[PDB]
Amino acid sequence: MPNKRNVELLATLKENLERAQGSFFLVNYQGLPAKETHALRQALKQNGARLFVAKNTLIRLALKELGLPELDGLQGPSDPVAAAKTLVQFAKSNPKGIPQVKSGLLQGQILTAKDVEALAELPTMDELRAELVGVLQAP
Amino acid sequence: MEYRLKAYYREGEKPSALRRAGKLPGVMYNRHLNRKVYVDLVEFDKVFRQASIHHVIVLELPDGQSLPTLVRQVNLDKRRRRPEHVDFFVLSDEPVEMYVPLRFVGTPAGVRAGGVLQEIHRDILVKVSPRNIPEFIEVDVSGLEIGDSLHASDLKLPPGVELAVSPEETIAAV
RNA sequence: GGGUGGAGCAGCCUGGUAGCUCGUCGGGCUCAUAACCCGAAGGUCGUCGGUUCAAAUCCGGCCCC
RNA sequence: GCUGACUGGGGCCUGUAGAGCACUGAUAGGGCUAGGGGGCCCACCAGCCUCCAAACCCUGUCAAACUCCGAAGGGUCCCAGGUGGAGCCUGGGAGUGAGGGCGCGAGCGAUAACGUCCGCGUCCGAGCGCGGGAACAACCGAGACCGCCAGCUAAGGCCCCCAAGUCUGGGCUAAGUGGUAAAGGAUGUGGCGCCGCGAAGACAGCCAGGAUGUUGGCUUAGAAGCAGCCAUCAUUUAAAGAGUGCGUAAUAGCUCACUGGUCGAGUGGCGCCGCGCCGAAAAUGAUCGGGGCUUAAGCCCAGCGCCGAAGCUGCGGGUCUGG
RNA sequence: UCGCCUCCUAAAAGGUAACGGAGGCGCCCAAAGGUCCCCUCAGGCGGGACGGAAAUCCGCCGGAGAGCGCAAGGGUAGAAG
RNA sequence: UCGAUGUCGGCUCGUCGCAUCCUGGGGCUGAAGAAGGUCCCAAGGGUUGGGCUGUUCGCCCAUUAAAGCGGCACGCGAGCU
Ligand SMILES: [K+]
Ligand SMILES: [K+]
Ligand SMILES: [K+]
Ligand SMILES: [K+]
Ligand SMILES: [K+]
Ligand SMILES: [K+]
Ligand SMILES: [K+]
Ligand SMILES: [K+]
Ligand SMILES: [K+]
Ligand SMILES: [K+]
Ligand SMILES: [K+]
Ligand SMILES: [K+]
Ligand SMILES: [K+]
Ligand SMILES: [K+]
Ligand SMILES: [K+]
Ligand SMILES: [K+]
Ligand SMILES: [Mg+2]
Ligand SMILES: [Mg+2]
Ligand SMILES: [Mg+2]
Ligand SMILES: [Mg+2]
Ligand SMILES: [Mg+2]
Ligand SMILES: [Mg+2]
Ligand SMILES: [Mg+2]
Ligand SMILES: [Mg+2]
Ligand SMILES: [Mg+2]
Ligand SMILES: [Mg+2]
Ligand SMILES: [Mg+2]
Ligand SMILES: [Mg+2]
Ligand SMILES: [Mg+2]
Ligand SMILES: [Mg+2]
Ligand SMILES: [Mg+2]
Ligand SMILES: [Mg+2]
Ligand SMILES: [Mg+2]
Ligand SMILES: [Mg+2]
Ligand SMILES: [Mg+2]
Ligand SMILES: [Mg+2]
Ligand SMILES: [Mg+2]
Ligand SMILES: [Mg+2]
Ligand SMILES: [Mg+2]
Ligand SMILES: [Mg+2]
Ligand SMILES: [Mg+2]
Ligand SMILES: [Mg+2]
Ligand SMILES: [Mg+2]
Ligand SMILES: [Mg+2]
Ligand SMILES: [Mg+2]
Ligand SMILES: [Mg+2]
Ligand SMILES: [Mg+2]
Ligand SMILES: [Mg+2]
Ligand SMILES: [Mg+2]
Ligand SMILES: [Mg+2]
Ligand SMILES: [Mg+2]
Ligand SMILES: [Mg+2]
Ligand SMILES: [Mg+2]
Ligand SMILES: [Mg+2]
Ligand SMILES: [Mg+2]
Ligand SMILES: [Mg+2]
Ligand SMILES: [Mg+2]
Ligand SMILES: [Mg+2]
Ligand SMILES: [Mg+2]
Ligand SMILES: [Mg+2]
Ligand SMILES: [Mg+2]
Ligand SMILES: [Mg+2]
């Protein structure tokens, strides 16, 4: 029972569990289209942008284990910068070229339930929130 | 590493029956002792395949003993390659003769270009106390070039050792 | 038991290199020839596996005579 | 007239079987090295380096005419047991001097012959008288003085022919194997075993996807994986061989290496044993003695019974020989 | 092919067959015979003028493989030499 | 089996085997078709006339769907030659 050379060399490599704001992490269908989601195979020395391995490995016996415990999302089992470069790397989320790049289970640290209406399909939160200077604050 | 075999006792007991029950007869003897013994064949195999006389066996005798031994003679039935007796020689004060397997890091670490190397390759008989019992002895430095004959008077010789054979056999060849 | 440079044949035996003649080619001697004295090219030695660092040169099959 | 075959105990004699390599030779591989074998700065003539290559060094064998060893058995002598259609001695009468099969050990043969020739046993011969073997001189049982409508058994048998079990248990085979002939062959079958992967989840399948400059350098009207030689570069990786398949006016279109996914339990390989299967074609009409039989009326391991001969018992008689 | 001798076959006494295997004898020696006293091989390694693998010599080593008139076997240096 | 079992070839009459020559089935093909190649099933029937020679067998002529190989005391002389 040599038990999954992945579960040592690709058990997330015991890597990037804590790195990259160890909460909030990933979702949605390890991948349908090899026709419209490019930007692999070309970053001059390595990709480091798509996925590594093994959805099923960690979704069972990778416990809370150094993230930030929050709870609200969509369903069960099926990038470094947090909540900002969401759809600025891949997966434009319906159509994206191949329809229904659907969903998963997410939890960051504050009050996120649906998250494709508020933080996924390219919103404005760090530049459009400049409306707290004379709106609802100063007469 | 050492191994263990459970080594029951026996006096009469026509040996053809011991085979008919799956148990391998043998003998246990040394300078001060000789008794009739027999082991189970099945566990003997799983052990002796790696016991491979170079290594020591404890045999953990019934009668409360635990008697360490080196295997020295195995008469396998001429017909079917299957053993039909074991000679268990009891290690005692010091020293004995024995064979020790060799490891190879010699020249040119396997052969230069696959030409004339064709050396003498097996374990070797040594004389040593029953304590400095080496697991293997690496055939050492690889400066024995094309056509060199640096014979058995040769490599490392860990602490307990003796030229128990021809001081020069042919350890390295053409 | 034979199958070798174009023809004829030696070389196998005794396995570390295939050669004479004639033909051909060119030269020597002729006044110009014939012959003659000299070399030139060319085979891998039916073919198949093995041997050996080597075998047309050892071994055995098939082949054609 | 206790001397005999056979037997017990001893004492020496032997050179087979088996094994062995020390002699005699034969022998595979390596080492180390005369002499060749070929090659070099060549004749001072010796300078090395890798098939032959004697003796020697291990490492492995072979032998009727080799033996460092060597049983069992066999022969002989002594002391004993053995009173036997036994032994010995003298003498009278013969017949026989074509043997044969079987077992074991050989030789010739072809590790052929119901072959041939010795050896030791046995049997037919002469027991072609009796039971079994279907039938059948010599295989198994057993040495037939005669009589009996009595008994027990041997080989072999007990479903019917056909006497006695369709007897008892526990396994196996599905071929009519039994009622067969081999090298070999193979998801037949039933057991023992070993390794291999698997509940962060494997083997089936059903979901996805194998995209690069992509001309892969090189080939090349073009081979842009799939006509071929491939620097088989590496840009890598949920994954993707510049390509295992079909595709092919180079492309369009297509599939499999490989991960991931759903379902969620065993899975795939190796060896062994018992029995069976293919391999399996011959000459009038078929069949294992026949009919028939398949948890047997077939094979393997137990066991209980019974049947069964001219054998042994019983009863009666006959002679012969002892006492 | 035919008598004699040696080995094998010949199955550990003797004996044992075949157009089975493989070899010899039909002589020789007045010294090769009798006896007494002596002496020990063959090879192998070094050394040694003409001498080489060897002629003869010295050294050490060498339990019998030499020799025993001729085949083979048995025997044999504590002699048969 | 020698107080006999007539030895080859032909003729006549056959019959049986199948390891099939043709005919009817069939698989694979480097099977386009046609026509073959090869292996499988199949013994029901069929399987020619001539020249040569004692011949069997062969080799030829002309044909054919094809000119099958064996067994039967190399079938068959109380049937013939
Ligand atoms: K007596
Ligand atoms: K005796
Ligand atoms: K020897
Ligand atoms: K008489
Ligand atoms: K007899
Ligand atoms: K008799
Ligand atoms: K049957
Ligand atoms: K004298
Ligand atoms: K008669
Ligand atoms: K006759
Ligand atoms: K056909
Ligand atoms: K027919
Ligand atoms: K003829
Ligand atoms: K016929
Ligand atoms: K007649
Ligand atoms: K006739
Ligand atoms: Mg006696
Ligand atoms: Mg023997
Ligand atoms: Mg012998
Ligand atoms: Mg002894
Ligand atoms: Mg007496
Ligand atoms: Mg008498
Ligand atoms: Mg006579
Ligand atoms: Mg006679
Ligand atoms: Mg006779
Ligand atoms: Mg006789
Ligand atoms: Mg007799
Ligand atoms: Mg027997
Ligand atoms: Mg006879
Ligand atoms: Mg016989
Ligand atoms: Mg015989
Ligand atoms: Mg006769
Ligand atoms: Mg008679
Ligand atoms: Mg009769
Ligand atoms: Mg009978
Ligand atoms: Mg009878
Ligand atoms: Mg009889
Ligand atoms: Mg009587
Ligand atoms: Mg009875
Ligand atoms: Mg009985
Ligand atoms: Mg009855
Ligand atoms: Mg019953
Ligand atoms: Mg049958
Ligand atoms: Mg699967
Ligand atoms: Mg039963
Ligand atoms: Mg009476
Ligand atoms: Mg009488
Ligand atoms: Mg004798
Ligand atoms: Mg005898
Ligand atoms: Mg000498
Ligand atoms: Mg001698
Ligand atoms: Mg008559
Ligand atoms: Mg008559
Ligand atoms: Mg047929
Ligand atoms: Mg047809
Ligand atoms: Mg056609
Ligand atoms: Mg005419
Ligand atoms: Mg005529
Ligand atoms: Mg005709
Ligand atoms: Mg005939
Ligand atoms: Mg005949
Ligand atoms: Mg006739």
# chains A, B, ... in the order shown; residues from 1 in each chain; ligands from 1
>>> residues_around(residues="segment 42-45 of chain E", least_positions_apart="6", cutoff="9 Å", atoms="only C-alpha atoms (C1' of nucleotides)", output="ChimeraX atom specification")
/E:60-62,64-66
>>> select_by_dssp(residues="segment 25-173 of chain B", states="helix (DSSP H, G or I)", output="count of residues only")
11
>>> residues_around(residues="segment 32-47 of chain F", least_positions_apart="3", cutoff="12 Å", atoms="only C-alpha atoms (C1' of nucleotides)", output="list in words")
residues 16, 17, 18, 20, 21, 22, 23, 24, 25, 26, 27, 28, 29, 64, 65, 66, 67 and 68 of chain F
>>> interface_residues(of="chain D", to="chain B", cutoff="8 Å", atoms="only C-alpha atoms (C1' of nucleotides)", output="list in words")
residues 30, 31, 57 and 58 of chain D
>>> atom_distance(atom1="atom CA of residue 18 of chain B", atom2="atom CA of residue 41 of chain B")
9.6 Å
>>> residues_near_ligand(ligand="ligand 22", cutoff="12 Å", atoms="only C-alpha atoms (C1' of nucleotides) and all ligand atoms", output="PDB file with N, CA and C atoms (P, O5', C5', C4', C3', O3' and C1' of nucleotides), in the first residue's frame")
ATOM      1  P     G D   4      24.515 -80.557   7.726  1.00  0.00           P
ATOM      2  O5'   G D   4      23.492 -81.073   6.619  1.00  0.00           O
ATOM      3  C5'   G D   4      23.924 -81.503   5.333  1.00  0.00           C
ATOM      4  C4'   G D   4      22.746 -81.616   4.398  1.00  0.00           C
ATOM      5  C3'   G D   4      21.877 -80.369   4.330  1.00  0.00           C
ATOM      6  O3'   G D   4      22.339 -79.454   3.355  1.00  0.00           O
ATOM      7  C1'   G D   4      20.515 -82.254   4.773  1.00  0.00           C
ATOM      8  P     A D   5      22.656 -77.931   3.749  1.00  0.00           P
ATOM      9  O5'   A D   5      21.428 -77.118   3.145  1.00  0.00           O
ATOM     10  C5'   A D   5      21.155 -77.159   1.755  1.00  0.00           C
ATOM     11  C4'   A D   5      19.676 -77.123   1.478  1.00  0.00           C
ATOM     12  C3'   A D   5      18.941 -75.894   1.982  1.00  0.00           C
ATOM     13  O3'   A D   5      19.057 -74.797   1.096  1.00  0.00           O
ATOM     14  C1'   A D   5      17.747 -77.839   2.598  1.00  0.00           C
ATOM     15  P     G D  84       9.712 -85.785   9.817  1.00  0.00           P
ATOM     16  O5'   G D  84       9.865 -85.445   8.269  1.00  0.00           O
ATOM     17  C5'   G D  84       9.970 -84.102   7.823  1.00  0.00           C
ATOM     18  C4'   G D  84      11.017 -83.963   6.749  1.00  0.00           C
ATOM     19  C3'   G D  84      10.937 -84.973   5.619  1.00  0.00           C
ATOM     20  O3'   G D  84      10.013 -84.579   4.624  1.00  0.00           O
ATOM     21  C1'   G D  84      13.167 -84.822   6.400  1.00  0.00           C
ATOM     22  P     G D  85       8.716 -85.476   4.320  1.00  0.00           P
ATOM     23  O5'   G D  85       8.942 -85.972   2.822  1.00  0.00           O
ATOM     24  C5'   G D  85       9.255 -87.332   2.526  1.00  0.00           C
ATOM     25  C4'   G D  85      10.257 -87.435   1.400  1.00  0.00           C
ATOM     26  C3'   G D  85       9.982 -86.528   0.199  1.00  0.00           C
ATOM     27  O3'   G D  85      11.222 -86.078  -0.342  1.00  0.00           O
ATOM     28  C1'   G D  85      10.065 -88.770  -0.516  1.00  0.00           C
ATOM     29  P     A D  86      11.988 -84.840   0.339  1.00  0.00           P
ATOM     30  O5'   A D  86      12.940 -85.525   1.418  1.00  0.00           O
ATOM     31  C5'   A D  86      14.286 -85.858   1.104  1.00  0.00           C
ATOM     32  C4'   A D  86      15.257 -84.950   1.818  1.00  0.00           C
ATOM     33  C3'   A D  86      16.734 -85.258   1.624  1.00  0.00           C
ATOM     34  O3'   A D  86      17.251 -84.745   0.410  1.00  0.00           O
ATOM     35  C1'   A D  86      16.302 -84.888   3.914  1.00  0.00           C
ATOM     36  P     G D  87      18.475 -85.487  -0.318  1.00  0.00           P
ATOM     37  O5'   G D  87      19.639 -85.492   0.772  1.00  0.00           O
ATOM     38  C5'   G D  87      20.452 -84.347   0.991  1.00  0.00           C
ATOM     39  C4'   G D  87      21.588 -84.655   1.935  1.00  0.00           C
ATOM     40  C3'   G D  87      22.545 -85.740   1.472  1.00  0.00           C
ATOM     41  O3'   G D  87      23.534 -85.242   0.588  1.00  0.00           O
ATOM     42  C1'   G D  87      21.902 -86.159   3.711  1.00  0.00           C
TER      43        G D  87
END
>>> residues_around(residues="residue 139 of chain D", least_positions_apart="4", cutoff="12 Å", atoms="only C-alpha atoms (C1' of nucleotides)", output="list in words")
residues 101, 102, 103, 123, 132, 133 and 155 of chain D
>>> write_last_selection(atoms="N, CA, C and O atoms (P, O5', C5', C4', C3', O3' and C1' of nucleotides)", output="PDB file, in the first residue's frame")
ATOM      1  P     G D 101      10.275 -66.780 -24.964  1.00  0.00           P
ATOM      2  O5'   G D 101       9.250 -66.148 -23.926  1.00  0.00           O
ATOM      3  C5'   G D 101       7.881 -66.026 -24.263  1.00  0.00           C
ATOM      4  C4'   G D 101       7.002 -65.993 -23.039  1.00  0.00           C
ATOM      5  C3'   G D 101       7.278 -64.892 -22.034  1.00  0.00           C
ATOM      6  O3'   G D 101       6.745 -63.646 -22.432  1.00  0.00           O
ATOM      7  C1'   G D 101       6.903 -66.936 -20.906  1.00  0.00           C
ATOM      8  P     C D 102       7.476 -62.289 -21.999  1.00  0.00           P
ATOM      9  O5'   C D 102       7.286 -62.247 -20.419  1.00  0.00           O
ATOM     10  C5'   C D 102       6.001 -62.065 -19.848  1.00  0.00           C
ATOM     11  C4'   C D 102       6.030 -62.246 -18.350  1.00  0.00           C
ATOM     12  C3'   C D 102       7.020 -61.387 -17.589  1.00  0.00           C
ATOM     13  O3'   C D 102       6.617 -60.043 -17.440  1.00  0.00           O
ATOM     14  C1'   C D 102       7.122 -63.587 -16.772  1.00  0.00           C
ATOM     15  P     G D 103       7.742 -58.902 -17.395  1.00  0.00           P
ATOM     16  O5'   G D 103       8.396 -59.082 -15.954  1.00  0.00           O
ATOM     17  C5'   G D 103       7.622 -58.937 -14.773  1.00  0.00           C
ATOM     18  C4'   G D 103       8.480 -59.065 -13.541  1.00  0.00           C
ATOM     19  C3'   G D 103       9.794 -58.310 -13.572  1.00  0.00           C
ATOM     20  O3'   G D 103       9.654 -56.935 -13.290  1.00  0.00           O
ATOM     21  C1'   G D 103      10.167 -60.494 -12.769  1.00  0.00           C
ATOM     22  P     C D 123       7.304 -72.306  -8.789  1.00  0.00           P
ATOM     23  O5'   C D 123       6.424 -72.580 -10.088  1.00  0.00           O
ATOM     24  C5'   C D 123       5.146 -71.978 -10.226  1.00  0.00           C
ATOM     25  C4'   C D 123       4.885 -71.503 -11.635  1.00  0.00           C
ATOM     26  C3'   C D 123       4.715 -72.575 -12.701  1.00  0.00           C
ATOM     27  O3'   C D 123       3.423 -73.165 -12.699  1.00  0.00           O
ATOM     28  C1'   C D 123       6.121 -70.854 -13.513  1.00  0.00           C
ATOM     29  P     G D 132     -14.610 -68.152 -12.483  1.00  0.00           P
ATOM     30  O5'   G D 132     -13.581 -66.976 -12.172  1.00  0.00           O
ATOM     31  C5'   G D 132     -13.900 -65.967 -11.226  1.00  0.00           C
ATOM     32  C4'   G D 132     -12.740 -65.038 -10.979  1.00  0.00           C
ATOM     33  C3'   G D 132     -12.277 -64.218 -12.166  1.00  0.00           C
ATOM     34  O3'   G D 132     -13.102 -63.099 -12.418  1.00  0.00           O
ATOM     35  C1'   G D 132     -10.403 -65.133 -11.061  1.00  0.00           C
ATOM     36  P     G D 133     -13.776 -62.938 -13.865  1.00  0.00           P
ATOM     37  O5'   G D 133     -12.606 -62.315 -14.743  1.00  0.00           O
ATOM     38  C5'   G D 133     -12.022 -61.075 -14.391  1.00  0.00           C
ATOM     39  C4'   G D 133     -10.587 -60.997 -14.837  1.00  0.00           C
ATOM     40  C3'   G D 133     -10.347 -61.027 -16.334  1.00  0.00           C
ATOM     41  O3'   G D 133     -10.608 -59.783 -16.962  1.00  0.00           O
ATOM     42  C1'   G D 133      -8.838 -62.487 -15.268  1.00  0.00           C
ATOM     43  P     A D 155      -8.115 -61.735  -0.953  1.00  0.00           P
ATOM     44  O5'   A D 155      -7.855 -61.749  -2.523  1.00  0.00           O
ATOM     45  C5'   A D 155      -6.532 -61.725  -3.045  1.00  0.00           C
ATOM     46  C4'   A D 155      -6.490 -62.264  -4.453  1.00  0.00           C
ATOM     47  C3'   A D 155      -7.320 -61.501  -5.478  1.00  0.00           C
ATOM     48  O3'   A D 155      -6.621 -60.399  -6.027  1.00  0.00           O
ATOM     49  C1'   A D 155      -7.785 -63.814  -5.644  1.00  0.00           C
TER      50        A D 155
END
>>> interface_residues(of="chain D", to="chain A", cutoff="7 Å", atoms="only C-alpha atoms (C1' of nucleotides)", output="list in words")
residues 200, 208, 209, 211, 212, 235, 238 and 260 of chain D
>>> write_last_selection(atoms="N, CA and C atoms (P, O5', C5', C4', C3', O3' and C1' of nucleotides)", output="PDB file, in the first residue's frame")
ATOM      1  P     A D 200      -9.812   6.021   3.198  1.00  0.00           P
ATOM      2  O5'   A D 200     -10.364   6.577   1.812  1.00  0.00           O
ATOM      3  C5'   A D 200      -9.477   6.918   0.756  1.00  0.00           C
ATOM      4  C4'   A D 200      -9.596   8.375   0.399  1.00  0.00           C
ATOM      5  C3'   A D 200      -8.612   8.893  -0.641  1.00  0.00           C
ATOM      6  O3'   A D 200      -8.991   8.609  -1.979  1.00  0.00           O
ATOM      7  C1'   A D 200      -8.638  10.352   1.214  1.00  0.00           C
ATOM      8  P     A D 208     -19.549  14.455 -21.069  1.00  0.00           P
ATOM      9  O5'   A D 208     -18.477  15.605 -20.807  1.00  0.00           O
ATOM     10  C5'   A D 208     -17.140  15.471 -21.266  1.00  0.00           C
ATOM     11  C4'   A D 208     -16.154  15.970 -20.240  1.00  0.00           C
ATOM     12  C3'   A D 208     -14.828  16.495 -20.767  1.00  0.00           C
ATOM     13  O3'   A D 208     -14.913  17.825 -21.254  1.00  0.00           O
ATOM     14  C1'   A D 208     -14.449  15.083 -18.902  1.00  0.00           C
ATOM     15  P     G D 209     -14.950  18.131 -22.833  1.00  0.00           P
ATOM     16  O5'   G D 209     -13.510  17.708 -23.361  1.00  0.00           O
ATOM     17  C5'   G D 209     -12.512  18.687 -23.609  1.00  0.00           C
ATOM     18  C4'   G D 209     -11.358  18.523 -22.659  1.00  0.00           C
ATOM     19  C3'   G D 209     -10.083  17.939 -23.251  1.00  0.00           C
ATOM     20  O3'   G D 209      -9.267  18.878 -23.926  1.00  0.00           O
ATOM     21  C1'   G D 209     -10.647  16.706 -21.358  1.00  0.00           C
ATOM     22  P     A D 211      -5.072  18.214 -28.521  1.00  0.00           P
ATOM     23  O5'   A D 211      -4.748  19.745 -28.208  1.00  0.00           O
ATOM     24  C5'   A D 211      -5.543  20.791 -28.754  1.00  0.00           C
ATOM     25  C4'   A D 211      -5.206  22.130 -28.141  1.00  0.00           C
ATOM     26  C3'   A D 211      -3.817  22.676 -28.447  1.00  0.00           C
ATOM     27  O3'   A D 211      -3.698  23.309 -29.710  1.00  0.00           O
ATOM     28  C1'   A D 211      -4.142  22.755 -26.140  1.00  0.00           C
ATOM     29  P     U D 212      -2.351  23.114 -30.570  1.00  0.00           P
ATOM     30  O5'   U D 212      -1.196  23.725 -29.649  1.00  0.00           O
ATOM     31  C5'   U D 212      -1.169  25.114 -29.351  1.00  0.00           C
ATOM     32  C4'   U D 212       0.031  25.522 -28.523  1.00  0.00           C
ATOM     33  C3'   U D 212       1.195  26.139 -29.281  1.00  0.00           C
ATOM     34  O3'   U D 212       0.960  27.500 -29.595  1.00  0.00           O
ATOM     35  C1'   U D 212       1.985  24.651 -27.590  1.00  0.00           C
ATOM     36  P     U D 235      10.159  22.069 -19.691  1.00  0.00           P
ATOM     37  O5'   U D 235       9.997  23.558 -20.234  1.00  0.00           O
ATOM     38  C5'   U D 235       8.756  24.226 -20.125  1.00  0.00           C
ATOM     39  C4'   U D 235       8.602  25.339 -21.131  1.00  0.00           C
ATOM     40  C3'   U D 235       7.204  25.937 -21.204  1.00  0.00           C
ATOM     41  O3'   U D 235       6.944  26.883 -20.187  1.00  0.00           O
ATOM     42  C1'   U D 235       7.900  25.397 -23.372  1.00  0.00           C
ATOM     43  P     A D 238      -1.828  22.039 -14.729  1.00  0.00           P
ATOM     44  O5'   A D 238      -3.240  21.303 -14.703  1.00  0.00           O
ATOM     45  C5'   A D 238      -3.326  19.920 -14.395  1.00  0.00           C
ATOM     46  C4'   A D 238      -4.369  19.650 -13.340  1.00  0.00           C
ATOM     47  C3'   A D 238      -4.567  18.188 -12.967  1.00  0.00           C
ATOM     48  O3'   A D 238      -3.610  17.703 -12.044  1.00  0.00           O
ATOM     49  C1'   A D 238      -6.658  19.138 -13.425  1.00  0.00           C
ATOM     50  P     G D 260      -6.058  11.486  -9.669  1.00  0.00           P
ATOM     51  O5'   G D 260      -7.360  12.371  -9.899  1.00  0.00           O
ATOM     52  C5'   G D 260      -7.340  13.765  -9.644  1.00  0.00           C
ATOM     53  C4'   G D 260      -8.407  14.483 -10.429  1.00  0.00           C
ATOM     54  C3'   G D 260      -9.820  13.951 -10.257  1.00  0.00           C
ATOM     55  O3'   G D 260     -10.442  14.425  -9.076  1.00  0.00           O
ATOM     56  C1'   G D 260      -9.372  14.253 -12.553  1.00  0.00           C
TER      57        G D 260
END
>>> residues_near_ligand(ligand="ligand 49", cutoff="12 Å", atoms="only C-alpha atoms (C1' of nucleotides) and all ligand atoms", output="ChimeraX atom specification")
/D:14-16,73-75,105,119-120 /E:10-16
>>> atom_distance(atom1="atom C1' of residue 322 of chain D", atom2="atom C1' of residue 83 of chain D")
11.5 Å
>>> residues_around(residues="residue 125 of chain B", least_positions_apart="3", cutoff="12 Å", atoms="only C-alpha atoms (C1' of nucleotides)", output="list in words")
residues 53, 54, 96, 97, 98, 99, 100, 101, 102, 122, 128, 152, 161, 162, 163, 164, 165, 166, 167 and 169 of chain B
>>> select_by_dssp(residues="segment 34-150 of chain B", states="strand (DSSP E or B)", output="ChimeraX atom specification")
/B:34-40,57,69-73,76,83,87-90,96-100,102-104,124-128,137-139
>>> closest_atom_pairs(of="chain D", to="ligand 27", cutoff="10 Å", atoms="only C-alpha atoms (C1' of nucleotides) and all ligand atoms", output="JSON lines")
{"residue": "D:99", "atom": "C1'", "partner": "ligand 27", "partner_atom_place_in_ligand_line": "1 (Mg)", "distance": 7.3}
{"residue": "D:100", "atom": "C1'", "partner": "ligand 27", "partner_atom_place_in_ligand_line": "1 (Mg)", "distance": 8.7}
{"residue": "D:122", "atom": "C1'", "partner": "ligand 27", "partner_atom_place_in_ligand_line": "1 (Mg)", "distance": 9.9}
{"residue": "D:125", "atom": "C1'", "partner": "ligand 27", "partner_atom_place_in_ligand_line": "1 (Mg)", "distance": 9.6}
>>> write_last_selection(atoms="N, CA and C atoms (P, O5', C5', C4', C3', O3' and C1' of nucleotides)", output="PDB file, in the first residue's frame")
ATOM      1  P     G D  99      17.697 -75.552 -26.891  1.00  0.00           P
ATOM      2  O5'   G D  99      17.031 -74.339 -26.106  1.00  0.00           O
ATOM      3  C5'   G D  99      16.344 -74.542 -24.883  1.00  0.00           C
ATOM      4  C4'   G D  99      14.870 -74.688 -25.126  1.00  0.00           C
ATOM      5  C3'   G D  99      14.010 -73.467 -24.886  1.00  0.00           C
ATOM      6  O3'   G D  99      14.037 -72.584 -25.982  1.00  0.00           O
ATOM      7  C1'   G D  99      12.983 -75.372 -23.937  1.00  0.00           C
ATOM      8  P     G D 100      14.143 -70.967 -25.753  1.00  0.00           P
ATOM      9  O5'   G D 100      12.704 -70.533 -25.234  1.00  0.00           O
ATOM     10  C5'   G D 100      11.581 -70.627 -26.093  1.00  0.00           C
ATOM     11  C4'   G D 100      10.282 -70.570 -25.334  1.00  0.00           C
ATOM     12  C3'   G D 100      10.038 -69.325 -24.506  1.00  0.00           C
ATOM     13  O3'   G D 100       9.637 -68.215 -25.276  1.00  0.00           O
ATOM     14  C1'   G D 100       9.483 -71.212 -23.233  1.00  0.00           C
ATOM     15  P     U D 122      12.945 -70.835  -7.542  1.00  0.00           P
ATOM     16  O5'   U D 122      11.496 -70.828  -8.191  1.00  0.00           O
ATOM     17  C5'   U D 122      10.444 -70.129  -7.550  1.00  0.00           C
ATOM     18  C4'   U D 122       9.593 -69.386  -8.542  1.00  0.00           C
ATOM     19  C3'   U D 122       8.767 -70.249  -9.474  1.00  0.00           C
ATOM     20  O3'   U D 122       7.589 -70.729  -8.856  1.00  0.00           O
ATOM     21  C1'   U D 122       9.815 -68.516 -10.702  1.00  0.00           C
ATOM     22  P     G D 125       1.853 -77.886 -17.829  1.00  0.00           P
ATOM     23  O5'   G D 125       3.199 -78.056 -18.664  1.00  0.00           O
ATOM     24  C5'   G D 125       3.205 -77.953 -20.080  1.00  0.00           C
ATOM     25  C4'   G D 125       4.603 -78.092 -20.612  1.00  0.00           C
ATOM     26  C3'   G D 125       5.188 -79.491 -20.514  1.00  0.00           C
ATOM     27  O3'   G D 125       4.818 -80.280 -21.632  1.00  0.00           O
ATOM     28  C1'   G D 125       6.741 -77.898 -19.663  1.00  0.00           C
TER      29        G D 125
END
